[PDB]
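Note sheet for the following structure.
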Amino acid sequence: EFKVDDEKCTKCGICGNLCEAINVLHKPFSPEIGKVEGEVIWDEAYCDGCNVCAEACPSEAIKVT
Amino acid sequence: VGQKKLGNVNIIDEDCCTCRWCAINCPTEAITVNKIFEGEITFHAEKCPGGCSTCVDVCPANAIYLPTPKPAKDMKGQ
Amino acid sequence: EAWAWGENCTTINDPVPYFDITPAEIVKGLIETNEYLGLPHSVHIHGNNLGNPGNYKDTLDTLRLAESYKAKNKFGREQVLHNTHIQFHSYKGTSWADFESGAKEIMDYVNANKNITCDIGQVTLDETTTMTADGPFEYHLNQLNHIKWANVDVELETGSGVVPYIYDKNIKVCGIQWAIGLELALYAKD
Amino acid sequence: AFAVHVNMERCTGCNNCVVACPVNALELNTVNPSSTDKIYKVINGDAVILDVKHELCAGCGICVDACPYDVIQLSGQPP
Ligand code: SF4
Ligand code: SF4
Ligand code: SF4
Ligand code: SF4
Ligand code: SF4
Ligand code: SF4
Ligand SMILES: [Zn+2]
C-alpha cells in the first residue's frame, strides 16, 4: 500500500503531523551534513484509504493505495 | 481546493542570531535572514588537544562539530 | 591487525585498515630486513586464507614472494623463508563438500624452488585445542563448531585465539585433512 | 586565567583531572606544542595545581566534569 519517495522528500513534518500512522523521526541535526535527514515510518494499525496526506505533502513524495 | 496553509509562522526578531540553519534548510526558500557579521573563521585542527569539546558545547549556532570517525575498511590512511 | 577492528585480510593484496600496506609488501620488507641482518633463522611465515578450501592458489601466491632473494649469513641455511603447517595451506575446492587436496601442486612448487623449506602439520586424528596467533581463523572455527572460544588481542602487536576442536575419524573433512599431510611428506623429493 | 580549588580531603589520586585537562593535554597531544606547562599533577595521592598564579586555566569545566566524586570547585569570579 504505502510508499514514500525519499528521492523527493524534504522531511517536512506536514505528513506526519496529520495521520497517527506517519511518525517522522529527524535524527539529530549536525553541521557535518548541514542538512535535515530522517525517516518516515508508516504503521498499518492506524491507516485508512484517506489519502489526505498524499496531497498534504508539499512535494508529491507519497503514493498510497 | 488549491492550498491549505493553516495558521501563521514568524521569527522573533530579537532572538534570531542570523545562523541561517532555517533559511539553508527551509523546504520552500521562504525565509530571508542575512548574517549580521561577515568575515572568516579558520580551525587548525592539528592543534586541538582532543577531549576538549568546549567550543562545540558553547557555539550558539552549532556550527562546530567533531568530525565523525570513519569506520574501518574506510579510513584509507587518513 | 584488521581483526582488531573485526575484519580479515582474505588474500595477499588487500590493504590493512588505515595503513594501506599489504601482506605482500610486509612479507617482502621483513624478508629484506632478515637477509640484510643475516639472522640465523629465516622469516618463518604463517600465511593468509588459512583453513579454507581453495587456498592452495593463495599459498602459491605467498610462496612466490621469495623468488628474488639469497640467504646471506655466516650460518649454514639455504632457506630464505619457511612456510609452516602447509597441510593447512594446501586445501582445494570451493567448500567442504567439494574439497580435495592441493598437496601435489604445493610440493611441485617446493620441489622446484630451493630457497623455500617447509614443514607439515599432520593431524593426528584426536581431540585437541587449536591455538594460533591469528584471530579470524579461530573465530571462524568457533562459528563452525559452536564450542568455546578465547580471544586475546595484544596492544600494537598481535592477536590470539584458542578453540577446542575434534579431529575425529568419522568425518570426510577430517579424513582428507589427515591424508593431505601424508601426501605432502610423500611427494617430497628432498 | 581563572582559579581552581581542589578539596584535598576527599581527593583519591584518581588522576582523571590530570588526564582530562585540555591545557595538560597540549604537550603530548598537539602538533607543534605551543605551551608545555601543566595545571595539575597528583603528588602524594592528591591533585596539586601547579598553576599558582592562575594564568593557564580557561574555565573549560572538563576537569570539574571529570572528577568522579565532585571535589574540584571552579571559580568564575576574579580571585
Ligand atoms: S511525505 Fe511530504 S510532508 Fe511528509 S516528510 Fe515527506 S516531503 Fe515532508
Ligand atoms: S492515507 Fe490517510 S490515514 Fe493513511 S497515513 Fe495517510 S493521512 Fe494517515
Ligand atoms: S535558525 Fe538561526 S537564523 Fe533562523 S530563526 Fe533560528 S536563530 Fe534565526
Ligand atoms: S574548545 Fe575546541 S578548539 Fe578549543 S581547545 Fe578544545 S577542542 Fe580545541
Ligand atoms: S577548567 Fe579546563 S583549563 Fe582549567 S584546569 Fe580545568 S580542565 Fe584545565
Ligand atoms: S579527579 Fe578529583 S579525585 Fe581525582 S585526582 Fe583530580 S581532584 Fe582528586
Ligand atoms: Zn600458524
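Chain identifiers are assigned as A, B, and so on, following the order in which chains appear in the C-alpha cells; residues are numbered from 1 within each chain, and ligands are numbered from 1 in order of appearance.
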
Problem set entry | Neighbour list for residue 32 (chain C) as a list in words, cut-off 12 Å, only C-alpha atoms, skip fewer than 5 positions in-chain |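 Contacts, in chain order: residues 25, 26, 27, 37, 38, 39, 42, 43, 65, 66, 68, 69, 70, 71, 72, 80 and 81 of chain C.
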
For this session: Find the residues around residue 47 (chain B) up to 12 Å (only C-alpha atoms counted), leave out those fewer than 4 positions away in its own chain, and share them as a ChimeraX atom specification.
Result: /B:43,51-52 /D:22-23,25-35

How about saving the chosen residues, N, CA and C atoms kept, as a PDB file, in the first residue's frame?
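As written to disk, result-v8.pdb reads:
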```pdb
ATOM      1  N   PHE B  43      39.953  26.921  11.521  1.00  0.00           N
ATOM      2  CA  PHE B  43      40.255  25.949  12.560  1.00  0.00           C
ATOM      3  C   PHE B  43      41.502  25.173  12.165  1.00  0.00           C
ATOM      4  N   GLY B  51      40.137  15.846  23.731  1.00  0.00           N
ATOM      5  CA  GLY B  51      38.929  15.819  24.533  1.00  0.00           C
ATOM      6  C   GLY B  51      38.610  17.122  25.221  1.00  0.00           C
ATOM      7  N   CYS B  52      38.308  18.137  24.423  1.00  0.00           N
ATOM      8  CA  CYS B  52      38.029  19.488  24.888  1.00  0.00           C
ATOM      9  C   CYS B  52      36.855  20.073  24.115  1.00  0.00           C
TER      10      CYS B  52
ATOM     11  N   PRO D  22      42.484  19.964  29.178  1.00  0.00           N
ATOM     12  CA  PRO D  22      42.981  20.248  27.859  1.00  0.00           C
ATOM     13  C   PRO D  22      44.214  21.155  27.784  1.00  0.00           C
ATOM     14  N   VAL D  23      44.698  21.718  28.887  1.00  0.00           N
ATOM     15  CA  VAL D  23      45.969  22.503  28.900  1.00  0.00           C
ATOM     16  C   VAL D  23      47.078  21.500  29.210  1.00  0.00           C
ATOM     17  N   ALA D  25      46.848  18.434  28.236  1.00  0.00           N
ATOM     18  CA  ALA D  25      46.913  17.661  27.007  1.00  0.00           C
ATOM     19  C   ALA D  25      47.563  18.407  25.857  1.00  0.00           C
ATOM     20  N   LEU D  26      48.123  19.594  26.091  1.00  0.00           N
ATOM     21  CA  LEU D  26      48.722  20.345  24.994  1.00  0.00           C
ATOM     22  C   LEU D  26      50.086  19.804  24.611  1.00  0.00           C
ATOM     23  N   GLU D  27      50.879  19.361  25.582  1.00  0.00           N
ATOM     24  CA  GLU D  27      52.252  18.987  25.272  1.00  0.00           C
ATOM     25  C   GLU D  27      52.298  17.772  24.356  1.00  0.00           C
ATOM     26  N   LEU D  28      51.752  16.649  24.803  1.00  0.00           N
ATOM     27  CA  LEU D  28      51.965  15.407  24.082  1.00  0.00           C
ATOM     28  C   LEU D  28      50.949  15.158  22.978  1.00  0.00           C
ATOM     29  N   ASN D  29      49.859  15.922  22.915  1.00  0.00           N
ATOM     30  CA  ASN D  29      48.744  15.580  22.043  1.00  0.00           C
ATOM     31  C   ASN D  29      48.461  16.649  20.995  1.00  0.00           C
ATOM     32  N   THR D  30      49.413  17.532  20.737  1.00  0.00           N
ATOM     33  CA  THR D  30      49.248  18.629  19.795  1.00  0.00           C
ATOM     34  C   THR D  30      50.367  18.573  18.768  1.00  0.00           C
ATOM     35  N   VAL D  31      50.078  18.994  17.541  1.00  0.00           N
ATOM     36  CA  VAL D  31      51.129  19.159  16.547  1.00  0.00           C
ATOM     37  C   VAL D  31      51.839  20.477  16.803  1.00  0.00           C
ATOM     38  N   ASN D  32      53.149  20.408  16.991  1.00  0.00           N
ATOM     39  CA  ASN D  32      53.979  21.546  17.365  1.00  0.00           C
ATOM     40  C   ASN D  32      53.451  22.167  18.652  1.00  0.00           C
ATOM     41  N   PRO D  33      53.633  21.504  19.794  1.00  0.00           N
ATOM     42  CA  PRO D  33      53.085  22.017  21.054  1.00  0.00           C
ATOM     43  C   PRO D  33      53.462  23.467  21.302  1.00  0.00           C
ATOM     44  N   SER D  34      52.465  24.257  21.698  1.00  0.00           N
ATOM     45  CA  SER D  34      52.678  25.674  21.961  1.00  0.00           C
ATOM     46  C   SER D  34      53.251  25.907  23.354  1.00  0.00           C
ATOM     47  N   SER D  35      52.502  25.543  24.388  1.00  0.00           N
ATOM     48  CA  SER D  35      52.937  25.725  25.763  1.00  0.00           C
ATOM     49  C   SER D  35      52.936  24.376  26.460  1.00  0.00           C
TER      50      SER D  35
END
```

For this session: Give as an MDAnalysis selection string the residues surrounding ligand 2 up to a distance of 12 Å, considering only C-alpha atoms and all ligand atoms.
Result: chainID A and resid 1:4 14:24 40:57 61:65

Restrict the selected residues to C-alpha atoms and save them as an mmCIF file, in the first residue's frame.
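Output below, filename again.cif:
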```cif
data_model
loop_
_atom_site.group_PDB
_atom_site.id
_atom_site.type_symbol
_atom_site.label_atom_id
_atom_site.label_comp_id
_atom_site.auth_asym_id
_atom_site.auth_seq_id
_atom_site.Cartn_x
_atom_site.Cartn_y
_atom_site.Cartn_z
ATOM 1 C CA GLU A 1 0.000 0.000 0.000
ATOM 2 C CA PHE A 2 2.045 2.866 1.391
ATOM 3 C CA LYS A 3 5.285 4.072 -0.181
ATOM 4 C CA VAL A 4 7.320 7.293 0.237
ATOM 5 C CA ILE A 14 3.383 18.167 7.421
ATOM 6 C CA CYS A 15 2.932 14.483 6.541
ATOM 7 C CA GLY A 16 3.468 13.036 9.906
ATOM 8 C CA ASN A 17 1.519 15.708 11.748
ATOM 9 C CA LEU A 18 -1.754 14.628 10.120
ATOM 10 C CA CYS A 19 -2.090 10.852 10.356
ATOM 11 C CA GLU A 20 -1.319 8.925 13.528
ATOM 12 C CA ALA A 21 0.320 6.290 11.360
ATOM 13 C CA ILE A 22 3.114 8.508 9.977
ATOM 14 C CA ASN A 23 5.809 9.172 12.562
ATOM 15 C CA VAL A 24 8.724 11.260 11.140
ATOM 16 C CA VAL A 40 9.163 8.348 7.567
ATOM 17 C CA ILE A 41 7.660 5.327 9.337
ATOM 18 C CA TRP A 42 4.101 4.158 8.433
ATOM 19 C CA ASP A 43 2.177 1.610 10.556
ATOM 20 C CA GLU A 44 -0.734 -0.436 9.245
ATOM 21 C CA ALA A 45 -2.561 -0.405 12.578
ATOM 22 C CA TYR A 46 -3.696 3.199 12.051
ATOM 23 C CA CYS A 47 -4.144 3.837 8.334
ATOM 24 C CA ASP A 48 -7.202 4.262 6.116
ATOM 25 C CA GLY A 49 -7.550 4.949 2.375
ATOM 26 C CA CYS A 50 -7.981 8.630 3.353
ATOM 27 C CA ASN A 51 -5.096 9.674 1.084
ATOM 28 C CA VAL A 52 -5.243 13.186 2.557
ATOM 29 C CA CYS A 53 -1.537 13.066 3.334
ATOM 30 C CA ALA A 54 -0.729 12.337 -0.280
ATOM 31 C CA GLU A 55 -1.569 15.924 -1.243
ATOM 32 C CA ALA A 56 -0.813 17.412 2.150
ATOM 33 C CA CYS A 57 2.844 16.677 1.485
ATOM 34 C CA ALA A 61 6.609 12.230 -2.226
ATOM 35 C CA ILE A 62 3.732 9.970 -1.082
ATOM 36 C CA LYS A 63 1.682 7.480 -3.050
ATOM 37 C CA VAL A 64 -0.744 5.261 -1.119
ATOM 38 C CA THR A 65 -3.290 2.555 -2.024
#
```

Exercise. Near residue 189 (chain C), counting only C-alpha atoms, which residues have an atom at most 10 Å away, once you skip same-chain residues fewer than 5 positions from it, shown as a PyMOL selection string?
Worked result: chain C and resi 107-108+110-112

Can you pull out the residues contacting region 48-60 of chain D? Cut-off 12 Å, using only C-alpha atoms, and skip same-chain residues under 5 positions away; I want them as a tab-separated table (two decimals) with N, CA, C and O atoms, in the first residue's frame.
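Ended up saving to part.tsv:
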```
chain	number	residue	atom	x	y	z
B	51	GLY	N	40.14	15.85	23.73
B	51	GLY	CA	38.93	15.82	24.53
B	51	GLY	C	38.61	17.12	25.22
B	51	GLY	O	38.66	17.22	26.45
B	52	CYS	N	38.31	18.14	24.42
B	52	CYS	CA	38.03	19.49	24.89
B	52	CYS	C	36.86	20.07	24.12
B	52	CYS	O	36.95	21.15	23.53
B	53	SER	N	35.73	19.37	24.05
B	53	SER	CA	34.69	19.90	23.18
B	53	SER	C	33.97	21.08	23.82
B	53	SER	O	32.75	21.18	23.76
B	54	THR	N	34.75	22.02	24.36
B	54	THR	CA	34.18	23.25	24.90
B	54	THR	C	33.67	24.14	23.78
B	54	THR	O	32.59	24.73	23.89
B	55	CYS	N	34.43	24.26	22.70
B	55	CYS	CA	33.98	25.04	21.56
B	55	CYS	C	32.67	24.49	21.02
B	55	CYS	O	31.72	25.25	20.77
B	56	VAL	N	32.58	23.17	20.87
B	56	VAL	CA	31.33	22.56	20.42
B	56	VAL	C	30.21	22.86	21.39
B	56	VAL	O	29.08	23.13	20.99
B	57	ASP	N	30.50	22.80	22.69
B	57	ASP	CA	29.45	22.99	23.68
B	57	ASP	C	28.94	24.42	23.73
B	57	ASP	O	27.76	24.64	24.02
B	58	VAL	N	29.79	25.40	23.44
B	58	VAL	CA	29.42	26.80	23.63
B	58	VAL	C	29.04	27.50	22.33
B	58	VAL	O	28.57	28.63	22.39
D	1	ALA	N	42.10	32.47	32.77
D	1	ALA	CA	43.00	32.82	33.85
D	1	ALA	C	42.32	32.67	35.20
D	1	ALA	O	42.62	33.39	36.14
D	2	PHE	N	41.40	31.71	35.28
D	2	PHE	CA	40.54	31.55	36.44
D	2	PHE	C	41.27	30.81	37.55
D	2	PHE	O	42.47	30.54	37.47
D	3	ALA	N	40.56	30.49	38.62
D	3	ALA	CA	41.14	29.85	39.79
D	3	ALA	C	40.38	28.57	40.10
D	3	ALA	O	39.15	28.58	40.16
D	4	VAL	N	41.11	27.46	40.22
D	4	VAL	CA	40.52	26.13	40.54
D	4	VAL	C	40.98	25.77	41.95
D	4	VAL	O	42.13	26.08	42.27
D	5	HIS	N	40.12	25.18	42.76
D	5	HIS	CA	40.45	24.75	44.11
D	5	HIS	C	40.10	23.29	44.27
D	5	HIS	O	38.99	22.87	43.91
D	6	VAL	N	41.08	22.48	44.73
D	6	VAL	CA	40.91	21.01	44.90
D	6	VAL	C	40.80	20.65	46.38
D	6	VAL	O	41.75	20.96	47.12
D	7	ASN	N	39.70	20.04	46.80
D	7	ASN	CA	39.44	19.64	48.18
D	7	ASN	C	40.31	18.43	48.49
D	7	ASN	O	39.93	17.29	48.22
D	8	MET	N	41.48	18.67	49.09
D	8	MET	CA	42.44	17.59	49.30
D	8	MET	C	41.87	16.48	50.17
D	8	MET	O	42.40	15.37	50.17
D	11	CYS	N	40.15	13.95	47.87
D	11	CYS	CA	40.82	13.57	46.60
D	11	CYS	C	41.40	12.18	46.76
D	11	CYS	O	42.10	11.96	47.75
D	13	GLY	N	43.37	10.59	44.29
D	13	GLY	CA	44.50	10.35	43.39
D	13	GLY	C	44.10	9.69	42.11
D	13	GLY	O	44.95	9.10	41.47
D	15	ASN	N	43.60	10.78	39.21
D	15	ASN	CA	44.40	11.27	38.07
D	15	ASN	C	43.54	11.51	36.84
D	15	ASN	O	44.11	11.74	35.81
D	17	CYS	N	41.79	14.14	36.47
D	17	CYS	CA	41.70	15.61	36.37
D	17	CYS	C	42.96	16.03	35.64
D	17	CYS	O	42.91	17.05	34.97
D	18	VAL	N	44.04	15.28	35.80
D	18	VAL	CA	45.30	15.46	35.09
D	18	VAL	C	45.17	15.01	33.65
D	18	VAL	O	45.65	15.67	32.72
D	20	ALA	N	42.42	14.67	31.88
D	20	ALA	CA	41.34	15.29	31.12
D	20	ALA	C	41.53	16.78	30.87
D	20	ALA	O	40.85	17.32	30.00
D	21	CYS	N	42.40	17.46	31.61
D	21	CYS	CA	42.62	18.91	31.42
D	21	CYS	C	43.13	19.14	30.02
D	21	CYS	O	44.16	18.58	29.70
D	22	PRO	N	42.48	19.96	29.18
D	22	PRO	CA	42.98	20.25	27.86
D	22	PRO	C	44.21	21.15	27.78
D	22	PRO	O	44.67	21.34	26.71
D	23	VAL	N	44.70	21.72	28.89
D	23	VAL	CA	45.97	22.50	28.90
D	23	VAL	C	47.08	21.50	29.21
D	23	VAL	O	48.18	21.65	28.67
D	24	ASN	N	46.83	20.53	30.08
D	24	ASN	CA	47.79	19.45	30.24
D	24	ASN	C	47.95	18.68	28.94
D	24	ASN	O	49.06	18.31	28.56
D	26	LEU	N	48.12	19.59	26.09
D	26	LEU	CA	48.72	20.35	24.99
D	26	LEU	C	50.09	19.80	24.61
D	26	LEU	O	50.44	19.80	23.43
D	35	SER	N	52.50	25.54	24.39
D	35	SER	CA	52.94	25.73	25.76
D	35	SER	C	52.94	24.38	26.46
D	35	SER	O	52.01	23.58	26.29
D	36	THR	N	53.98	24.12	27.24
D	36	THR	CA	54.18	22.83	27.89
D	36	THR	C	54.07	22.92	29.41
D	36	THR	O	54.60	22.05	30.11
D	37	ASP	N	53.27	23.86	29.91
D	37	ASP	CA	53.05	23.98	31.37
D	37	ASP	C	51.80	23.20	31.74
D	37	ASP	O	50.97	23.02	30.85
D	38	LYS	N	51.68	22.75	32.99
D	38	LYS	CA	50.55	21.87	33.36
D	38	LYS	C	49.82	22.38	34.60
D	38	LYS	O	50.51	22.74	35.57
D	39	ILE	N	48.49	22.41	34.59
D	39	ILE	CA	47.76	22.83	35.82
D	39	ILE	C	47.91	21.79	36.92
D	39	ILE	O	48.45	22.16	37.95
D	40	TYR	N	47.52	20.53	36.72
D	40	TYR	CA	47.55	19.56	37.83
D	40	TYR	C	48.58	18.46	37.70
D	40	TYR	O	48.89	18.10	36.57
D	41	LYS	N	49.07	17.91	38.82
D	41	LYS	CA	49.97	16.74	38.86
D	41	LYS	C	49.65	16.06	40.18
D	41	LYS	O	49.59	16.80	41.15
D	42	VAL	N	49.43	14.74	40.24
D	42	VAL	CA	48.99	14.11	41.52
D	42	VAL	C	50.19	13.74	42.39
D	42	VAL	O	50.73	12.67	42.19
D	43	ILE	N	50.58	14.60	43.32
D	43	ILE	CA	51.78	14.35	44.16
D	43	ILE	C	51.29	13.88	45.52
D	43	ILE	O	50.46	14.59	46.09
D	65	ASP	N	33.94	18.37	35.42
D	65	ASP	CA	33.07	17.31	34.92
D	65	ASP	C	33.74	15.95	34.97
D	65	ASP	O	33.05	14.93	34.95
D	66	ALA	N	35.07	15.91	35.04
D	66	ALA	CA	35.78	14.64	35.04
D	66	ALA	C	35.84	14.01	36.42
D	66	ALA	O	35.59	12.82	36.56
D	72	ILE	N	36.47	19.17	42.74
D	72	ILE	CA	37.08	20.38	42.13
D	72	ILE	C	36.02	21.47	41.97
D	72	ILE	O	35.04	21.20	41.28
D	73	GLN	N	36.15	22.60	42.67
D	73	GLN	CA	35.29	23.76	42.56
D	73	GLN	C	35.95	24.76	41.62
D	73	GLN	O	37.13	25.07	41.79
D	74	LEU	N	35.23	25.18	40.57
D	74	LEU	CA	35.78	26.16	39.61
D	74	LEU	C	35.23	27.54	39.96
D	74	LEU	O	34.01	27.67	40.06
D	75	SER	N	36.11	28.53	40.14
D	75	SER	CA	35.66	29.91	40.47
D	75	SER	C	35.68	30.77	39.21
D	75	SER	O	36.77	31.01	38.69
D	76	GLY	N	34.52	31.26	38.79
D	76	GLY	CA	34.41	32.08	37.57
D	76	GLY	C	34.53	33.56	37.88
D	76	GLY	O	34.33	34.34	36.97
D	77	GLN	N	34.85	33.91	39.12
D	77	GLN	CA	34.91	35.32	39.56
D	77	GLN	C	36.35	35.66	39.89
D	77	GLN	O	37.05	34.78	40.40
D	78	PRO	N	36.83	36.91	39.69
D	78	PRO	CA	38.24	37.23	39.89
D	78	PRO	C	38.74	36.90	41.30
D	78	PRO	O	38.08	37.26	42.25
D	79	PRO	N	39.90	36.23	41.46
D	79	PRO	CA	40.40	35.85	42.76
D	79	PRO	C	40.86	37.09	43.53
D	79	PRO	O	40.28	37.34	44.58
```

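All residues within chain A that the backbone DSSP calculation assigns to strand (DSSP E) are residues 3, 4, 22, 23, 24, 25, 26, 38, 39, 40, 41, 42, 62 and 63 of chain A.
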
Could those selected residues go to a file with C-alpha atoms, as an mmCIF file, in the first residue's frame?
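Saved the output as again-v8.cif:
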```cif
data_model
loop_
_atom_site.group_PDB
_atom_site.id
_atom_site.type_symbol
_atom_site.label_atom_id
_atom_site.label_comp_id
_atom_site.auth_asym_id
_atom_site.auth_seq_id
_atom_site.Cartn_x
_atom_site.Cartn_y
_atom_site.Cartn_z
ATOM 1 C CA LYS A 3 5.285 4.072 -0.181
ATOM 2 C CA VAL A 4 7.320 7.293 0.237
ATOM 3 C CA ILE A 22 3.114 8.508 9.977
ATOM 4 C CA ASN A 23 5.809 9.172 12.562
ATOM 5 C CA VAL A 24 8.724 11.260 11.140
ATOM 6 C CA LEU A 25 11.978 10.915 13.099
ATOM 7 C CA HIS A 26 14.553 13.640 12.498
ATOM 8 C CA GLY A 38 15.437 11.425 8.894
ATOM 9 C CA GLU A 39 12.909 8.738 8.083
ATOM 10 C CA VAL A 40 9.163 8.348 7.567
ATOM 11 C CA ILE A 41 7.660 5.327 9.337
ATOM 12 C CA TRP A 42 4.101 4.158 8.433
ATOM 13 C CA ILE A 62 3.732 9.970 -1.082
ATOM 14 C CA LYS A 63 1.682 7.480 -3.050
#
```

Exercise. Could you work out how far CA of residue 27 (chain A) lies from CA of residue 16 (chain B), giving the answer in Å with one decimal?
Worked result: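 Computed distance, CA of residue 16 (chain B) to CA of residue 27 (chain A), equals 23.1 Å.
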
For this session: Enumerate residues in contact with ligand 7: an atom-to-atom distance of at most 12 Å, counting only C-alpha atoms and all ligand atoms. Format the result as a PyMOL selection string.
Result: chain C and resi 44-51+82-89+119-121+130-138+160-161

For this session: Would you mind writing down, as a PyMOL selection string, each residue of chain A that DSSP on the backbone assigns to helix (DSSP H, G or I)?
Result: chain A and resi 6-8+13-15+44-46+52-56

Quick one: write out the picked residues with N, CA and C atoms as a CSV table (one decimal), in the first residue's frame?
```csv
chain,number,residue,atom,x,y,z
A,6,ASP,N,11.9,8.8,-1.0
A,6,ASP,CA,12.9,9.5,-0.3
A,6,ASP,C,13.7,10.4,-1.3
A,7,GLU,N,13.6,10.1,-2.5
A,7,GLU,CA,14.3,11.0,-3.5
A,7,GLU,C,13.7,12.4,-3.5
A,8,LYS,N,12.3,12.5,-3.4
A,8,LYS,CA,11.7,13.8,-3.4
A,8,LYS,C,11.0,14.1,-2.0
A,13,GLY,N,7.5,17.9,8.5
A,13,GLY,CA,6.6,17.2,9.4
A,13,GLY,C,5.1,17.2,8.9
A,14,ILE,N,4.8,18.0,7.8
A,14,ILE,CA,3.4,18.2,7.4
A,14,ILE,C,2.8,16.9,6.9
A,15,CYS,N,3.4,15.8,7.1
A,15,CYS,CA,2.9,14.5,6.5
A,15,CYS,C,2.8,13.6,7.7
A,44,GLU,N,0.6,0.0,9.8
A,44,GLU,CA,-0.7,-0.4,9.2
A,44,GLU,C,-1.8,-0.2,10.3
A,45,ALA,N,-1.5,-0.4,11.5
A,45,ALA,CA,-2.6,-0.4,12.6
A,45,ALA,C,-3.3,0.9,12.7
A,46,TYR,N,-3.0,1.9,11.9
A,46,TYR,CA,-3.7,3.2,12.1
A,46,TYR,C,-4.1,3.8,10.7
A,52,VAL,N,-5.4,11.7,2.4
A,52,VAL,CA,-5.2,13.2,2.6
A,52,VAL,C,-3.8,13.5,2.5
A,53,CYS,N,-3.0,12.7,3.2
A,53,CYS,CA,-1.5,13.1,3.3
A,53,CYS,C,-0.8,12.9,2.0
A,54,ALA,N,-1.4,12.3,1.0
A,54,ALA,CA,-0.7,12.3,-0.3
A,54,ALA,C,-0.6,13.8,-0.7
A,55,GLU,N,-1.6,14.5,-0.8
A,55,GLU,CA,-1.6,15.9,-1.2
A,55,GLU,C,-1.3,16.9,-0.1
A,56,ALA,N,-1.3,16.5,1.1
A,56,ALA,CA,-0.8,17.4,2.2
A,56,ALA,C,0.7,17.5,2.1
```

Hey, which residues sit close to ligand 3? Say within 7 Å, counting only C-alpha atoms and all ligand atoms, and write them as a short mmCIF file (atom, residue, chain, number, x, y, z; two decimals) with C-alpha atoms, in the first residue's frame.
```cif
data_model
loop_
_atom_site.label_atom_id
_atom_site.label_comp_id
_atom_site.auth_asym_id
_atom_site.auth_seq_id
_atom_site.Cartn_x
_atom_site.Cartn_y
_atom_site.Cartn_z
CA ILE B 11 10.67 34.69 13.59
CA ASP B 15 16.14 36.33 19.31
CA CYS B 16 17.35 35.18 15.83
CA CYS B 17 21.20 35.25 15.71
CA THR B 18 21.35 35.03 11.86
CA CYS B 19 22.83 31.43 11.88
CA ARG B 20 20.75 30.60 8.78
CA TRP B 21 20.04 26.98 9.72
CA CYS B 22 16.38 27.73 8.96
CA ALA B 23 16.98 29.52 5.63
CA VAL B 33 17.73 36.31 7.09
CA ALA B 61 24.74 28.49 16.15
#
```

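Counting from CA of residue 157 (chain C), the distance to CA of residue 1 (chain C) is 7.8 Å.
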
For this session: Pull out every residue of chain B that has at least one atom within 12 Å of chain A, counting only C-alpha atoms, and report them as a ChimeraX atom specification.
Result: /B:1-6,19-28,56,59,61-69

For this session: For region 54-57 of chain C, work out the shell of residues within 12 Å, counting only C-alpha atoms and skipping chain neighbours fewer than 6 positions away, then give it as a PyMOL selection string.
Result: chain C and resi 10-12+47-48+63-64+86-96+98-109+180

For this session: Would you give me, as a list in words, the residues of chain B that come within 10 Å of chain C, using only C-alpha atoms?
Result: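 Result, ordered by chain then number: residues 71, 72, 73, 74, 75, 76, 77 and 78 of chain B.
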
Just N, CA, C and O atoms for this one: save the residues we selected as a PDB file, in the first residue's frame.
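Result saved to out-v7.pdb:
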```
ATOM      1  N   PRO B  71      34.597   4.427   9.799  1.00  0.00           N
ATOM      2  CA  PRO B  71      34.726   3.020  10.179  1.00  0.00           C
ATOM      3  C   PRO B  71      36.037   2.453   9.664  1.00  0.00           C
ATOM      4  O   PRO B  71      36.775   3.094   8.916  1.00  0.00           O
ATOM      5  N   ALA B  72      36.333   1.228  10.083  1.00  0.00           N
ATOM      6  CA  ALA B  72      37.413   0.508   9.437  1.00  0.00           C
ATOM      7  C   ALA B  72      37.023   0.211   7.994  1.00  0.00           C
ATOM      8  O   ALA B  72      35.889   0.435   7.577  1.00  0.00           O
ATOM      9  N   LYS B  73      37.996  -0.262   7.218  1.00  0.00           N
ATOM     10  CA  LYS B  73      37.853  -0.537   5.782  1.00  0.00           C
ATOM     11  C   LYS B  73      37.339   0.678   5.016  1.00  0.00           C
ATOM     12  O   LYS B  73      36.956   0.570   3.847  1.00  0.00           O
ATOM     13  N   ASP B  74      37.355   1.843   5.660  1.00  0.00           N
ATOM     14  CA  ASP B  74      37.030   3.109   5.021  1.00  0.00           C
ATOM     15  C   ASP B  74      37.978   4.231   5.399  1.00  0.00           C
ATOM     16  O   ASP B  74      37.845   5.323   4.845  1.00  0.00           O
ATOM     17  N   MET B  75      38.917   4.019   6.323  1.00  0.00           N
ATOM     18  CA  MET B  75      39.773   5.114   6.761  1.00  0.00           C
ATOM     19  C   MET B  75      40.724   5.569   5.664  1.00  0.00           C
ATOM     20  O   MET B  75      41.043   6.761   5.586  1.00  0.00           O
ATOM     21  N   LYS B  76      41.196   4.648   4.825  1.00  0.00           N
ATOM     22  CA  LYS B  76      42.035   4.984   3.672  1.00  0.00           C
ATOM     23  C   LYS B  76      43.255   5.811   4.066  1.00  0.00           C
ATOM     24  O   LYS B  76      43.613   6.786   3.404  1.00  0.00           O
ATOM     25  N   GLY B  77      43.900   5.425   5.163  1.00  0.00           N
ATOM     26  CA  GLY B  77      45.149   6.035   5.559  1.00  0.00           C
ATOM     27  C   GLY B  77      45.048   7.448   6.079  1.00  0.00           C
ATOM     28  O   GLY B  77      46.040   7.967   6.607  1.00  0.00           O
ATOM     29  N   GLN B  78      43.898   8.096   5.942  1.00  0.00           N
ATOM     30  CA  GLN B  78      43.648   9.397   6.542  1.00  0.00           C
ATOM     31  C   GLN B  78      42.931   9.152   7.857  1.00  0.00           C
ATOM     32  O   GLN B  78      41.857   8.545   7.872  1.00  0.00           O
TER      33      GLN B  78
END
```

Problem set entry | Between CA of residue 154 (chain C) and CA of residue 13 (chain C), distance in Å (one decimal) | 24.2 Å

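In terms of minimum interatomic distance to ligand 6, D:67 ranks closest within D:45, D:62, D:10, D:67, counting only C-alpha atoms and all ligand atoms.
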
For this session: Return the single residue from D:19, D:46, D:71, D:9 that is closest to chain B, with distances computed using only C-alpha atoms.
Result: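 Nearest to chain B: D:19.
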